[PDB]
Every structure is written in C-alpha cells, then in structure tokens.
Amino acid sequence: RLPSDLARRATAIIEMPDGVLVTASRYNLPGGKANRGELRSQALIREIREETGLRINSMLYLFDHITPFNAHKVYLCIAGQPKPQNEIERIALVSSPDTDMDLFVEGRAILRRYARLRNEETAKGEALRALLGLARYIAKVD
Amino acid sequence: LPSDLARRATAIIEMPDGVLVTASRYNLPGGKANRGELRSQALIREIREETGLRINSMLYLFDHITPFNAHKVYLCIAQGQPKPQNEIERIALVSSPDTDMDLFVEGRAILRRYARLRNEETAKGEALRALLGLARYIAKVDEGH
C-alpha cells in the first residue's frame with residue numbers, strides 16, 4: 001500500500017569497537033519516530049535510551065534518508081554498553097554494509113551511504129572522522 | 001548549600017562573531033534537566049525555548065560543578081539565527097572569556113575552560129575543532145547565497 005504521509009524518523013549510527021549497533025524487536029539501525037512538537041534530535045536520544053540503555057552525549061547529523069515510509073535524519077552518536085531493552089529483544093553489530101546479517105533494506109542503504117561519507121573530503125566527512133577518532137580513544141581508554 | 005546538586009545542561013554555540021549568551025547578567029544558554037531527562041535532552045529543549053535554535057549536532061565537552069548545580073557542557077551546531085524568545089529578553093556574542101561584558105561568574109568560568117580545550121591536542125580537542133570547521137563551512141555557504 002502507498003503510505004499517504006512520511007514519518008519524521010531519527011536514526012542512530014553508533015560505532016562500537018567491532019561494528020555499528022543494530023537491534024531487532026530483522027535487524028535495523030536503532031531510532032524511531034519524532035512526535036508532533038518534538039525535534040528528531042530529541043526523539044533520537046529518548047529512543048536510543050529506551051531501546052538499549054545507552055545515554056547519548058554527542059551526536060552529529062550526517063544526512064537525510066528518504067523512503068516511501070520514512071523521512072529519516074541520520075546521526076552518528078557517541079554514548080555505555082548496549083543491552084536489549086523493552087521492545088528490543090536482540091542486538092548485534094554490523095561490520096560492513098554487505099554483512100550476511102538480515103538487515104532491513106533501509107538500514108543497509110543508510111550504512112552504505114555512511115561508509116561513503118566516512119571517506120568524503122568535506123567539512124562533514126572531517127567532522128565525522130574526528131568524532132570516530134574520539135569514540136576510538138574513549139573505547140581504548142576503557 | 002543544598003542536599004544535592006541539580007543537573008543542568010549548558011551550550012557553547014559559536015556564531016561567526018562569537019559565542020552566544022543570553023540574558024533574562026548574560027550567561028551561556030541552557031537550563032535544568034527534568035527527572036527522567038538526560039542533560040543532552042534538556043539541552044536541545046532549552047536552547048530551542050530560549051533562542052529558537054534547533055540543535056542537530058552536539059559534542060559533550062566536560063562537566064562543570066558549582067555549589068548548587070552540576071553542568072554538562074556541550075558545543076552545539078544549529079543552522080539558524082538565534083533570537084530572544086520567551087523569558088530571554090536579550091542575546092549577544094562573546095569573543096573571549098576576558099570579555100568586558102557582564103557575565104555570570106560560572107558562565108565566565110566555563111568559557112575559560114572551553115577556550116583551553118579548543119586549543120588542546122587531544123581526540124576531544126580535534127573533534128571540537130572539526131565541529132567548529134563544519135559550522136564555519138555552513139556559514140560560508142549561507143553567506144554565499
């Protein structure tokens with residue numbers, strides 16, 4: 001069926017040591033819809049905490065990802081140790097966009113776009129790489 | 001002195017000509033977190049309330065405690081122009097922690113530490129500088145149009 005309106009969805013890319021976090025109530029990137037009157041960035045922090053217990057302290061808006069159902073904004077987030085919570089029953093980690101893992105199509109497509117941005121010669125690509133540098137240092141320090 | 005410290009979020013937002021401060025003395029934007037609400041959540045809500053800005057990206061810099069409050073301090077990007085809103089009557093820009101402007105004391109303390117961090121050769125300093133570069137690029141494209 002043709003969706004008549006698009007959800008204002010917020011989606012999180014959370015790099016753990018061995019890959020990007022995905023969850024399953026198919027696996028998908030974590031996140032959810034923003035309510036009327038709230039920003040997708042507000043909704044993302046709320047929903048990542050609900051789904052995994054992670055408390056986001058830093059985020060970088062990366063790009064929009066638009067589908068017939070969803071108008072995503074996609075964010076690289078730094079936060080703890082994830083665990084399945086509430087509606088989430090499993091979590092895993094994805095090492096590349098063509099993982100064997102059974103990913104929701106949109107999730108794979110966003111990961112593909114992420115992998116490209118990571119190597120971009122742009123102010124945004126530099127910010128993303130710097131942030132991943134920070135996450136890597138924090139993890140190493142632990 | 002209180003039984004406990006209240007959780008506050010505080011934003012450092014760099015506009016082209018300096019860091020945003022607001023007055024309802026000037027202080028860095030921010031406010032108290034509600035029960036159940038992370039400081040990073042409260043930061044987005046409060047900046048919007050006070051300035052109309054919609055934060056897309058933030059970088060946690062450090063904690064700043066005082067006798068009453070425990071602040072988390074964040075460098076934030078939004079791509080609009082701030083404006084006095086609600087209880088905020090006036091806004092201005094600060095170019096250095098030694099500014100002449102009448103800043104709240106803790107507001108000044110936080111800007112001094114931020115000034116140090118901005119120059120630091122650490123992964124955090126590098127992230128901070130890259131985010132600043134992003135904001136600058138955004139502003140350059142805007143001024144271009």
# chains A, B, ... in the order shown; residues from 1 in each chain; ligands from 1
call {"tool": "interface_residues", "arguments": {"of": "chain B", "to": "chain A", "cutoff": "6 Å", "atoms": "only C-alpha atoms", "output": "list in words"}}
result
residues 40, 41, 56, 57, 58, 59, 60, 123, 124, 127, 130, 131 and 134 of chain B
call {"tool": "residues_around", "arguments": {"residues": "residue B:95", "least_positions_apart": "5", "cutoff": "12 Å", "atoms": "only C-alpha atoms", "output": "ChimeraX atom specification"}}
result
/B:13-21,100-101,108,111-112,115
call {"tool": "write_last_selection", "arguments": {"atoms": "C-alpha atoms", "output": "PDB file, in the first residue's frame"}}
result
ATOM      1  CA  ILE B  13      27.229  27.909  20.398  1.00  0.00           C
ATOM      2  CA  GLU B  14      29.748  29.650  18.155  1.00  0.00           C
ATOM      3  CA  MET B  15      28.247  32.216  15.827  1.00  0.00           C
ATOM      4  CA  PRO B  16      30.527  33.845  13.298  1.00  0.00           C
ATOM      5  CA  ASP B  17      31.386  36.766  15.612  1.00  0.00           C
ATOM      6  CA  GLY B  18      31.485  34.834  18.903  1.00  0.00           C
ATOM      7  CA  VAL B  19      29.817  32.561  21.498  1.00  0.00           C
ATOM      8  CA  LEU B  20      26.094  33.069  22.101  1.00  0.00           C
ATOM      9  CA  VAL B  21      24.987  34.327  25.544  1.00  0.00           C
ATOM     10  CA  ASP B 100      34.107  43.312  29.243  1.00  0.00           C
ATOM     11  CA  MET B 101      30.529  42.151  29.192  1.00  0.00           C
ATOM     12  CA  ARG B 108      32.790  33.003  32.504  1.00  0.00           C
ATOM     13  CA  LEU B 111      34.194  29.837  28.704  1.00  0.00           C
ATOM     14  CA  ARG B 112      37.731  29.883  30.080  1.00  0.00           C
ATOM     15  CA  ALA B 115      38.966  28.315  25.466  1.00  0.00           C
TER      16      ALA B 115
END
call {"tool": "select_by_dssp", "arguments": {"residues": "stretch 32-118 of chain A", "states": "strand (DSSP E)", "output": "PyMOL selection string"}}
result
chain A and resi 32-33+58-66+70-78+90-94
call {"tool": "residues_around", "arguments": {"residues": "stretch 13-24 of chain A", "least_positions_apart": "6", "cutoff": "9 Å", "atoms": "only C-alpha atoms", "output": "list in words"}}
result
residues 30, 51, 52, 74, 75, 76, 77, 78, 79, 82, 84, 87, 88, 89, 90, 91, 92, 93, 94, 95, 96, 103, 107, 111, 114, 132, 135, 136 and 139 of chain A
call {"tool": "residues_around", "arguments": {"residues": "residue B:79", "least_positions_apart": "4", "cutoff": "9 Å", "atoms": "only C-alpha atoms", "output": "NGL selection string"}}
result
:B and (53-56 or 135 or 138-139)
call {"tool": "write_last_selection", "arguments": {"atoms": "N, CA, C and O atoms", "output": "PDB file, in the first residue's frame"}}
result
ATOM      1  N   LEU B  53      16.694  28.249  18.266  1.00  0.00           N
ATOM      2  CA  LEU B  53      17.589  27.367  17.503  1.00  0.00           C
ATOM      3  C   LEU B  53      17.263  25.865  17.697  1.00  0.00           C
ATOM      4  O   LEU B  53      16.905  25.424  18.784  1.00  0.00           O
ATOM      5  N   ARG B  54      17.380  25.104  16.607  1.00  0.00           N
ATOM      6  CA  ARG B  54      17.126  23.656  16.634  1.00  0.00           C
ATOM      7  C   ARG B  54      18.472  22.929  16.492  1.00  0.00           C
ATOM      8  O   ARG B  54      19.111  22.915  15.425  1.00  0.00           O
ATOM      9  N   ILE B  55      18.935  22.366  17.593  1.00  0.00           N
ATOM     10  CA  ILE B  55      20.235  21.703  17.572  1.00  0.00           C
ATOM     11  C   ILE B  55      20.202  20.330  16.857  1.00  0.00           C
ATOM     12  O   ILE B  55      19.401  19.491  17.245  1.00  0.00           O
ATOM     13  N   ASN B  56      21.076  20.118  15.845  1.00  0.00           N
ATOM     14  CA  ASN B  56      21.292  18.882  15.018  1.00  0.00           C
ATOM     15  C   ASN B  56      22.501  18.039  15.427  1.00  0.00           C
ATOM     16  O   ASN B  56      22.626  16.830  15.116  1.00  0.00           O
ATOM     17  N   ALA B 135      30.766  24.185  11.292  1.00  0.00           N
ATOM     18  CA  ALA B 135      29.921  25.358  11.445  1.00  0.00           C
ATOM     19  C   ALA B 135      30.383  26.477  10.499  1.00  0.00           C
ATOM     20  O   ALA B 135      29.565  27.126   9.837  1.00  0.00           O
ATOM     21  N   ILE B 138      29.329  25.840   7.021  1.00  0.00           N
ATOM     22  CA  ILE B 138      27.874  26.061   6.845  1.00  0.00           C
ATOM     23  C   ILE B 138      27.612  27.544   6.662  1.00  0.00           C
ATOM     24  O   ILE B 138      26.845  27.962   5.781  1.00  0.00           O
ATOM     25  N   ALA B 139      28.271  28.339   7.492  1.00  0.00           N
ATOM     26  CA  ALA B 139      28.097  29.785   7.466  1.00  0.00           C
ATOM     27  C   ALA B 139      28.595  30.359   6.137  1.00  0.00           C
ATOM     28  O   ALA B 139      27.965  31.247   5.557  1.00  0.00           O
TER      29      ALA B 139
END
call {"tool": "select_by_dssp", "arguments": {"residues": "stretch 33-135 of chain B", "states": "helix (DSSP H, G or I)", "output": "PyMOL selection string"}}
result
chain B and resi 39-51+105-119+123-135
call {"tool": "residues_around", "arguments": {"residues": "residue B:42", "least_positions_apart": "3", "cutoff": "10 Å", "atoms": "only C-alpha atoms", "output": "PDB file with N, CA, C and O atoms, in the first residue's frame"}}
result
ATOM      1  N   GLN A  42      15.779  15.301  19.552  1.00  0.00           N
ATOM      2  CA  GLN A  42      15.211  14.992  20.865  1.00  0.00           C
ATOM      3  C   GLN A  42      14.679  13.575  20.933  1.00  0.00           C
ATOM      4  O   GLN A  42      14.868  12.850  21.902  1.00  0.00           O
TER       5      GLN A  42
ATOM      6  N   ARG B   7      20.929  18.928  38.126  1.00  0.00           N
ATOM      7  CA  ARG B   7      21.591  18.680  36.817  1.00  0.00           C
ATOM      8  C   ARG B   7      21.237  19.764  35.817  1.00  0.00           C
ATOM      9  O   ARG B   7      20.038  20.033  35.577  1.00  0.00           O
ATOM     10  N   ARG B   8      22.247  20.430  35.244  1.00  0.00           N
ATOM     11  CA  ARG B   8      21.957  21.469  34.266  1.00  0.00           C
ATOM     12  C   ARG B   8      22.695  21.127  32.994  1.00  0.00           C
ATOM     13  O   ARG B   8      23.726  20.447  33.063  1.00  0.00           O
ATOM     14  N   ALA B   9      22.163  21.561  31.848  1.00  0.00           N
ATOM     15  CA  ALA B   9      22.933  21.471  30.584  1.00  0.00           C
ATOM     16  C   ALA B   9      23.327  22.886  30.183  1.00  0.00           C
ATOM     17  O   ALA B   9      22.555  23.817  30.404  1.00  0.00           O
ATOM     18  N   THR B  10      24.498  23.070  29.577  1.00  0.00           N
ATOM     19  CA  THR B  10      24.901  24.409  29.184  1.00  0.00           C
ATOM     20  C   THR B  10      25.456  24.287  27.777  1.00  0.00           C
ATOM     21  O   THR B  10      26.183  23.304  27.529  1.00  0.00           O
ATOM     22  N   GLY B  30      20.974  27.452  28.384  1.00  0.00           N
ATOM     23  CA  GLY B  30      20.875  26.134  28.983  1.00  0.00           C
ATOM     24  C   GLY B  30      19.828  26.154  30.065  1.00  0.00           C
ATOM     25  O   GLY B  30      19.084  27.141  30.179  1.00  0.00           O
ATOM     26  N   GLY B  31      19.768  25.098  30.868  1.00  0.00           N
ATOM     27  CA  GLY B  31      18.782  25.049  31.958  1.00  0.00           C
ATOM     28  C   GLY B  31      18.788  23.745  32.724  1.00  0.00           C
ATOM     29  O   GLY B  31      19.604  22.887  32.497  1.00  0.00           O
ATOM     30  N   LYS B  32      17.844  23.591  33.642  1.00  0.00           N
ATOM     31  CA  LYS B  32      17.802  22.410  34.441  1.00  0.00           C
ATOM     32  C   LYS B  32      17.123  21.256  33.710  1.00  0.00           C
ATOM     33  O   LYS B  32      16.130  21.449  32.994  1.00  0.00           O
ATOM     34  N   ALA B  33      17.663  20.062  33.892  1.00  0.00           N
ATOM     35  CA  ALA B  33      17.107  18.826  33.329  1.00  0.00           C
ATOM     36  C   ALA B  33      15.910  18.316  34.153  1.00  0.00           C
ATOM     37  O   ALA B  33      15.946  18.363  35.372  1.00  0.00           O
ATOM     38  N   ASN B  34      14.868  17.814  33.507  1.00  0.00           N
ATOM     39  CA  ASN B  34      13.741  17.256  34.293  1.00  0.00           C
ATOM     40  C   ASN B  34      14.093  15.854  34.751  1.00  0.00           C
ATOM     41  O   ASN B  34      14.984  15.201  34.181  1.00  0.00           O
ATOM     42  N   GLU B  37      15.004  12.845  32.342  1.00  0.00           N
ATOM     43  CA  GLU B  37      15.504  13.503  31.135  1.00  0.00           C
ATOM     44  C   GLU B  37      17.008  13.664  31.245  1.00  0.00           C
ATOM     45  O   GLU B  37      17.491  14.285  32.197  1.00  0.00           O
ATOM     46  N   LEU B  38      17.746  13.119  30.279  1.00  0.00           N
ATOM     47  CA  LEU B  38      19.184  13.338  30.221  1.00  0.00           C
ATOM     48  C   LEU B  38      19.509  14.818  29.979  1.00  0.00           C
ATOM     49  O   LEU B  38      18.709  15.553  29.395  1.00  0.00           O
ATOM     50  N   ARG B  39      20.671  15.264  30.433  1.00  0.00           N
ATOM     51  CA  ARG B  39      21.117  16.634  30.144  1.00  0.00           C
ATOM     52  C   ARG B  39      21.209  16.919  28.651  1.00  0.00           C
ATOM     53  O   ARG B  39      20.942  18.027  28.203  1.00  0.00           O
ATOM     54  N   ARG B  45      16.020  20.921  24.216  1.00  0.00           N
ATOM     55  CA  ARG B  45      14.764  21.553  24.582  1.00  0.00           C
ATOM     56  C   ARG B  45      15.000  23.010  24.982  1.00  0.00           C
ATOM     57  O   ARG B  45      14.350  23.939  24.483  1.00  0.00           O
ATOM     58  N   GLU B  46      15.956  23.233  25.869  1.00  0.00           N
ATOM     59  CA  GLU B  46      16.148  24.580  26.406  1.00  0.00           C
ATOM     60  C   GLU B  46      16.713  25.584  25.405  1.00  0.00           C
ATOM     61  O   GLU B  46      16.323  26.769  25.400  1.00  0.00           O
ATOM     62  N   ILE B  47      17.665  25.150  24.580  1.00  0.00           N
ATOM     63  CA  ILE B  47      18.176  26.049  23.572  1.00  0.00           C
ATOM     64  C   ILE B  47      17.020  26.477  22.659  1.00  0.00           C
ATOM     65  O   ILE B  47      16.899  27.655  22.326  1.00  0.00           O
ATOM     66  N   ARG B  48      16.184  25.526  22.245  1.00  0.00           N
ATOM     67  CA  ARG B  48      15.031  25.872  21.393  1.00  0.00           C
ATOM     68  C   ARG B  48      14.147  26.893  22.104  1.00  0.00           C
ATOM     69  O   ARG B  48      13.805  27.933  21.540  1.00  0.00           O
TER      70      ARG B  48
END
call {"tool": "atom_distance", "arguments": {"atom1": "atom CA of residue B:73", "atom2": "atom CA of residue A:85"}}
result
28.2 Å
call {"tool": "atom_distance", "arguments": {"atom1": "atom CA of residue A:66", "atom2": "atom CA of residue A:28"}}
result
15.4 Å
call {"tool": "atom_distance", "arguments": {"atom1": "atom CA of residue B:64", "atom2": "atom CA of residue A:54"}}
result
22.1 Å
call {"tool": "residues_around", "arguments": {"residues": "residue B:85", "least_positions_apart": "6", "cutoff": "8 Å", "atoms": "only C-alpha atoms", "output": "number ranges by chain"}}
result
B: 49-52
call {"tool": "write_last_selection", "arguments": {"atoms": "N, CA and C atoms", "output": "JSON list (two decimals), in the first residue's frame"}}
result
[["chain", "number", "residue", "atom", "x", "y", "z"],
["B", 49, "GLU", "N", 13.78, 26.61, 23.35],
["B", 49, "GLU", "CA", 12.94, 27.52, 24.15],
["B", 49, "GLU", "C", 13.53, 28.93, 24.18],
["B", 50, "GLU", "N", 14.83, 29.02, 24.49],
["B", 50, "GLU", "CA", 15.47, 30.33, 24.75],
["B", 50, "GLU", "C", 15.84, 31.14, 23.50],
["B", 51, "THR", "N", 16.20, 30.45, 22.42],
["B", 51, "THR", "CA", 16.74, 31.10, 21.22],
["B", 51, "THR", "C", 16.02, 30.78, 19.90],
["B", 52, "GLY", "N", 15.17, 29.75, 19.91],
["B", 52, "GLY", "CA", 14.52, 29.28, 18.69],
["B", 52, "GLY", "C", 15.42, 28.37, 17.88]]
